[PDB]
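S.K.: Supplied in structure tokens, the structure appears directly below.
Note: ideal-geometry Cβ built from the backbone for every residue, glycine included; neighbour counts use all protein chains shown. None of the figures in this text is laboratory data; all of them are computed from the coordinates on show.
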Amino acid sequence: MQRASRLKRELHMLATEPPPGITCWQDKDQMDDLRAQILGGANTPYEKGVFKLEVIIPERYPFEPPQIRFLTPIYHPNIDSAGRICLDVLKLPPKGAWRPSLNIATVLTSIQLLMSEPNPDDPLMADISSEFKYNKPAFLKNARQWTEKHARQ
Amino acid sequence: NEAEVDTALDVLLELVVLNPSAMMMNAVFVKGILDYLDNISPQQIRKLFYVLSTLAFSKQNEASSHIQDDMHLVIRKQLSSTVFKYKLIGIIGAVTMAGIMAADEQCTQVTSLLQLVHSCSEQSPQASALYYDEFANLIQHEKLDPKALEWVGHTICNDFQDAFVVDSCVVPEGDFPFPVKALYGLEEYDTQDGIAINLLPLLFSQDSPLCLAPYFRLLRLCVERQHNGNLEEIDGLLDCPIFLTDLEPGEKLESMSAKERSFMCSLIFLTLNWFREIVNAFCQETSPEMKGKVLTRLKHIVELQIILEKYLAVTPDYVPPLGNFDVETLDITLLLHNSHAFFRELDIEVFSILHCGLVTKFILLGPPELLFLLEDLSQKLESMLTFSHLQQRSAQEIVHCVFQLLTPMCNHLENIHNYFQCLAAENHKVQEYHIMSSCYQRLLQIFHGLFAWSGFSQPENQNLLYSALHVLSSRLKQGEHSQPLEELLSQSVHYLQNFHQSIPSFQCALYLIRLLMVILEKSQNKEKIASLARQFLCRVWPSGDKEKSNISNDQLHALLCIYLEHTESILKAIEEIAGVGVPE
Amino acid sequence: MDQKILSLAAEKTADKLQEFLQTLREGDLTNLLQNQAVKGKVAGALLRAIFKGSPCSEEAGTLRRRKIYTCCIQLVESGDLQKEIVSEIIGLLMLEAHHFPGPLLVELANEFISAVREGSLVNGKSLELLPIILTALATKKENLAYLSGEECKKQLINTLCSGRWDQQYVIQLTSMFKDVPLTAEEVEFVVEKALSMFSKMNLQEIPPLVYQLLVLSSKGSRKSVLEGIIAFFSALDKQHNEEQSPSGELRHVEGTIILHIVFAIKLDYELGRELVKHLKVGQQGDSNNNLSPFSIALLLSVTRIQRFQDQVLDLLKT
């Protein structure tokens, strides 16, 4: 209800003026979930890759957070193989920081930011995190391989 | 204070049941309780955790599983204690939470916590004992998904049969000033076998064993949930010989109230607990050879009962301190002080055996096997209607199953005992006569406690009275269907009064007259009471030594408070008692 | 490397596990690091194997246990593992912390002391084990001489209190003293340190701090908690009035302080009496300088309890 209130505005908003390097539409297969695409950020190994994502809106959403996943997998410390997002903004209070002043565009901007700046503090992938911590070029190499293997046409 | 607390937590339970939702959002104060748990008793702690657990494990609110973590924290901290005071508390909390989250990550959390608990419990003996105990309690009470149970029970049986089961060698190694023997086996099981159990080498090595009984209970309950009631790989434990010293009554081993008297009294106490556990285990099973083995174990138990109350009359100071872990251990941390409190308390299905008909060896199931069953039911129903497993059962279902297993089944035992004492008075060896006299004393004691039950004051149990007193009227004649209350009273008392030819002792005489009194209060009719109490005052009551110890003082005080009151002319009855008091 | 130790532990203790433990002497660090990297259940299994195969009756296992203790201490904070593994490690360590002598646990206490003083403790979860160690020290009658374990505990806690704390880590510092068996001066120095820490705090941090200060005040240490909070907020409101010569935030604080002080005196029917006795101007009749706006607000939020009501409302009147 307020779900649909947020949704009807965010639909047109993300269709017309989405964030930079981000797009999103009503998932043409689902029509209840949404299909997002984050274009590979510059100064990253994820360049030359259009990372698809599934976005689930819970029914109480301005109050709940969304639930995003990377459909196009990513070799990231904080994003696991499945595409989970261990981010505070997708979590509730004091655990996380979700509130309705944020929205789909804000969290997608946060994800695009994370893709350029991995979080060494909240790792889903502890070994990729240690690699990004100490051996930067190996991490960047494996990430660019992962990008050109899957994310490229 | 106490009652406040009690009631309050009752209420909270009612409230969460009433509406979990609204409570959910005031959960925070509930969590905030946990900083004040100094003043609470463990029974209260049990329900408290029940509360918090059922609160946490509502699937609709797992986002605020913060309380799950907080609980796991406090579990950890109170567990991590040299001091038993906090350790037991943690234990309890843990087990309760486990049972409550029990409705596959669910199973992983379950087994993780469980093995954690087991590890925390293991080294302290009473801790692990309690752990098994309450796990057994949880499992009998809850029908939970058997994954961690089929996981654990295959390890429990192996650890049991390597910790206690030993090859049937008569004397094991070890320095004993006590001749060790594979004793008290039922002897249908061949002695030269594998299955036999180590007791005295374990208790002397102490200066695992104490928890043996509840550990077997858990073994029983896990195999009874897997095989669904079958005890196929345990029949050897019903009948194996036990590694015991000479349990001959040691009157020659007197002037010996040192630590060895403690060893012997505690040893007899522990094997008594062991056999109590065995009879709790093999009661519900219907196999007749296993029933007859249970009969042999019942007589073994009453034999070791008389041996233990002897061994505690030897020295009255040497307490073998092992109470049940629910209510008794906190008050700390002559034969009657241990008979109900110290010893392991037994299961309500144990009375599936006394259905069998009496036999007589003085005149011609055993009479002493039935004496022990009835003596168990007597202490059980005076405890309940005035015990861990039995307290969870409401007293109504207790008196219900008593109406089925006693009243239509022990009517034949009371009639065979009427025929026994009629033949005994006609003749008028002695131990058979007195075991039958005490069997009859316990029968009428059970009847008195049965029909002195205050639940019959309530109106819904009058249908059970119209069934029970009608099946009593059925003993004089059948067909009098749908009788009046007072007529069924008249038939029941006309049935029970005729045993005033058979009653050998006076404790049985006072239980029979006060049984007639409590059935007769339901109703002019005071003439039957006065005349029948006068008949019992005027009968012989042959004077054995313990038979006249059954003529204790407050007993006659109660009999004469009945007779001199209910007799119509109380003052002329007093004149009669005075007239007959002079020629004594 | 692990499955051999699993097979050694599968049957019996201190006959083959010790023998293998005397093969692999170093490299437990990297072993446990790849262990937590791949699967933490294997780390728990290794820990069980280690503590069964390294009893502390023999003194070689005591040093393996001290090394691996320091290893887990550093990695659990620094090495960001999963949560369940971390909880498991902490539980295991708190379990096996009892099987030690005095001085080994005293040096573990000094480890944590120097660490919280200077060591940037990344998460501070390791402190959960500390009060277990203080408990084992208090209870262990294996007497020392530097003296009883309880007295070395007094020494270490006096050291910690007289020492400096972290801004972030005072919550957990006092959360530890929550469950300890303490005496008067123990709890006194705890609350005095946490008290003087107030002057270096954000204000959203004070409410649960005072909550925990009071649930610990419950032991014996009632008066001084309130007296200090009073003097603190008195000077605070004076300073704010002189600024006037974040008002809404300041109000929002004071309210929740008083709410939590209400629950406190709700649970303690004596707390309010000392509160009163601290405050009553009519010792003979001369005005004390103890009272304040916030003081009075606390009293009036209190009077809605059924016992103190009329008492307070008489006091204020006179």
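S.K.: Starting from the Cα gyration tensor of the stretch B:30-167, take the square roots of the eigenvalues, sort them a ≥ b ≥ c, and report rounded, prolate or oblate (rounded when a/c is under 1.5, otherwise prolate if a/b is larger than b/c, else oblate).
M.R.: Details: a/c = 2.13, a/b = 1.34, b/c = 1.59.
It is oblate, given that a/c is not under 1.5 and a/b is not larger than b/c.
S.K.: Okay, next question. Just flag the trypsin sites (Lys or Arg not before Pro) in the stretch A:1-83 sitting in loop per DSSP whose Cβ has no more than 14 other Cβ atoms within 10 Å. All intermediate terms of the calculation are to be shown ahead of the outcome.
M.R.: Details: sites: A:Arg3, A:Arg6, A:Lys8, A:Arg9, A:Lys28, A:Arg35, A:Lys48, A:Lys52, A:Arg60, A:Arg69; in loops: A:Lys28, A:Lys48, A:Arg60.
Answer by residue number: A:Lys28, A:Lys48, A:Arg60.
S.K.: So, one more: Residue separation times 0.36 nm, minus the C-alpha to C-alpha distance between C:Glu59 and C:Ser78: what's the value?
M.R.: Working: separation 19, 0.36 × 19 = 6.84 nm, distance 2.91 nm.
Gain in length upon complete extension: 3.9 nm.
S.K.: Please report how far the C-alpha centroid of the stretch B:352-388 lies from that of the stretch C:208-245, rounded to the nearest whole angstrom.
M.R.: 69
S.K.: Here's a follow-up. Past 19 Å, Cα to Cα: identify those pairs from B:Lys77/C:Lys223; C:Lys16/C:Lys39; B:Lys77/C:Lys178; B:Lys143/B:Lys291; C:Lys200/C:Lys266; B:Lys299/B:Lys429, in the order given.
M.R.: Values: B:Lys77/C:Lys223 28 Å; C:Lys16/C:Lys39 25 Å; B:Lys77/C:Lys178 11 Å; B:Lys143/B:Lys291 28 Å; C:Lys200/C:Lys266 30 Å; B:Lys299/B:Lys429 17 Å.
The pairs that break the limit, which is 19 Å between Cα atoms, are B:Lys77/C:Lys223; C:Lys16/C:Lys39; B:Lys143/B:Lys291; C:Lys200/C:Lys266.
S.K.: Exposure proxy check: A:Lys91, C:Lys193, B:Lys572 ranked by fewest other beta carbons within 10 Å?
M.R.: Values: A:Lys91 15, C:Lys193 19, B:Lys572 10.
Result, fewest neighbours first: B:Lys572, A:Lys91, C:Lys193.
S.K.: So which trypsin sites (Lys or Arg not before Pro) in the stretch C:49-142 end up in coil per DSSP with only 15 or fewer other C-beta atoms within 10 Å? Show your work: numbers first, answer last.
M.R.: Working: sites: C:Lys52, C:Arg64, C:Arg65, C:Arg66, C:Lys67, C:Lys83, C:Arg117, C:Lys125, C:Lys140, C:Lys141; in loops: C:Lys140, C:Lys141.
Qualifying residues, ordered by number: C:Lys141.
S.K.: Something else: May I ask you to list the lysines whose Cα is less than 26 Å away from that of B:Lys522, ignoring any residue fewer than eight positions away on the same chain?
M.R.: B:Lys380, B:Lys477
S.K.: Further, regarding this structure: Between the stretch C:57-105 and the stretch B:32-111, what's the alpha-carbon centroid distance in Å?
M.R.: If you average the Cα positions of each part, the centres end up 24 Å apart.
S.K.: According to a simple spin-label model (label point 7 Å from Cα along Cα-to-Cβ), what is the distance in nm between A:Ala82 and B:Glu150?
M.R.: 2.5
S.K.: While we're here: Please compute the length gained on full extension between B:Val430 and B:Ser467, using 0.36 nm multiplied by the number of residues separating them and subtracting their Cα-Cα distance.
M.R.: On the way: separation 37, 0.36 × 37 = 13.32 nm, distance 3.79 nm.
This chain segment gains 9.5 nm when fully extended.
S.K.: In addition: Can you put B:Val30, B:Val279, B:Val359 in order of Cβ neighbours within 10 angstrom, beginning with the fewest?
M.R.: So the ranking, lowest neighbour count to highest, is B:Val359, B:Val30, B:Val279.
S.K.: Suppose the Debye formula is applied to equal point scatterers at every Cα of the stretch A:2-153; what is log10 I(q)/I(0) at q = 0.13, 0.20, 0.21 Å⁻¹?
M.R.: Rounded to two decimals, the profile gives -0.58, -1.28, -1.38.
S.K.: Starting with the fewest neighbours, write out B:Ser437, B:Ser378 ranked by other beta-carbon atoms found within 10 Å of each beta-carbon. Numbers along the way, then the final one.
M.R.: Values: B:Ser437 25, B:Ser378 19.
Listed from fewest to most nearby Cβ atoms, that is B:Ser378, B:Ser437.
S.K.: How large is Rg over Rh for chain C, taking Rg from the Cα atoms and Rh as the Kirkwood inverse mean of 1/r across Cα pairs? Numbers along the way, then the final one.
M.R.: On the way: Rg = 25.1 Å, Rh = 22.8 Å.
Over the Cα atoms of chain C, Rg/Rh equals 1.10.
S.K.: Straight-line reach from B:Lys147: which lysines have a Cα under 21 Å away, not including same-chain ones fewer than 8 places off?
M.R.: Partners within reach: B:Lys59, C:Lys41.
S.K.: GluC sites (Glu not before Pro), restricted to the stretch C:1-46: which are DSSP loop and have at most 12 other Cβ atoms within 10 Å?
M.R.: Passing sites in the stretch C:1-46 are C:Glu11, C:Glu26.
S.K.: Using helices alone, what [θ] at 222 nm do you get for chain B, with -39,500 (n - 2.57) per DSSP H run of 4 or more residues, divided over all residues and rounded to the nearest 500? The partial results should precede the final answer.
M.R.: Details: 28 runs with 368 residues, N = 584.
Theoretical 222 nm ellipticity from helices: -20000 deg cm²/dmol.
S.K.: Now for a different question. List the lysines whose Cα lies under 28 Å from the Cα of A:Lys48, skipping any in the same chain that are fewer than 8 positions away.
M.R.: Straight-line reach from A:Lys48, under 28 Å: A:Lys28, A:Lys133, A:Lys136, A:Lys141, A:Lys149.
S.K.: Report, in whole Å, the centroid distance computed from the Cα atoms of the stretch C:167-186 and the stretch A:1-66.
M.R.: The stretch C:167-186 and the stretch A:1-66 have Cα centres separated by 47 Å.
S.K.: How many nm separate the modelled label positions at C:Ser162 and B:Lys572, each set 7 Å beyond the Cα in the direction of the Cβ?
M.R.: 9.7
S.K.: Using only DSSP helix segments of four residues or longer, with each worth -39500 (n - 2.57), what per-residue ellipticity at 222 nm results for chain A after dividing by its residue count and rounding to 500?
M.R.: Working: 4 runs with 48 residues, N = 153.
Helix-only estimate at 222 nm: -9500 deg cm²/dmol.
S.K.: Okay, moving on. Between A:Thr16, A:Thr109, A:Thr44, find the one with the highest GNM mean-square fluctuation for chain A; connect C-alpha pairs within less than 10 Å.
M.R.: Among A:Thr16, A:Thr109, A:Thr44, the largest mean-square fluctuation in the Gaussian network model of chain A belongs to A:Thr16.
S.K.: Place a point 7 Å from the Cα of B:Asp162 along the Cα-to-Cβ direction; which residues of the stretch B:177-211 have their backbone N under 20 Å from it?
M.R.: Taking a point 7 Å out along Cα→Cβ of B:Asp162, the residues of the stretch B:177-211 whose backbone N falls under 20 Å are B:194-199, B:202, B:208-211.
S.K.: Further question: Apply 1/(1 + (r/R0)^6) to the Cβ-Cβ distance of B:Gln535 and B:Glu349, taking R0 = 45 Å, and write down the FRET efficiency to the nearest 0.05. Spell out each step's value before the answer.
M.R.: On the way: r = 38 Å, r/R0 = 0.85.
So, using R0 = 45 Å, E works out to roughly 0.75.
S.K.: A further question on this structure: Can you work out the FRET efficiency for the pair C:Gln309 and C:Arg251, with r the C-beta to C-beta distance and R0 = 25 Å, to the nearest 0.05? Before the final figure, lay out each step's value.
M.R.: Numbers: r = 24 Å, r/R0 = 0.97.
Working from the Cβ atoms, E equals 0.55.
S.K.: Tell me, what is the FRET efficiency for C:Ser120 and C:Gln283 to the nearest 0.05, using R0 = 45 angstrom and their Cβ-Cβ distance as r?
M.R.: On the way: r = 49 Å, r/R0 = 1.09.
It comes out at approximately 0.35.
S.K.: Could you quote the convex hull projected area for the stretch B:109-179, Cα atoms only and averaged over all directions, in nm²?
M.R.: On the way: hull surface 27.7 nm².
It is 6.9 nm².
S.K.: Further question: Show me the three semi-axes of the equivalent ellipsoid for chain B, from the C-alpha gyration tensor (sqrt of 5 times each eigenvalue), largest first, rounded to whole Å.
M.R.: Details: eigenvalues 421, 219, 103 Å².
Each semi-axis is the square root of five times an eigenvalue, giving 46, 33, 23 Å.
S.K.: According to a simple spin-label model (label point 7 Å from Cα along Cα-to-Cβ), what is the distance in nm between B:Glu397 and C:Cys71?
M.R.: It works out to 5.3 nm between the two label points.
S.K.: Semi-axes of the protein assembly as shown's equivalent ellipsoid from the Cα gyration tensor, sqrt of 5 times each eigenvalue, largest first, rounded to whole Å?
M.R.: Working: eigenvalues 874, 292, 213 Å².
Largest first, the protein assembly as shown gives 66, 38, 33 Å.
S.K.: Helix-derived [θ] at 222 nm for chain C: sum -39500 (n - 2.57) over DSSP H runs of at least 4, divide by residue count, nearest 500?
M.R.: -21500 deg cm²/dmol
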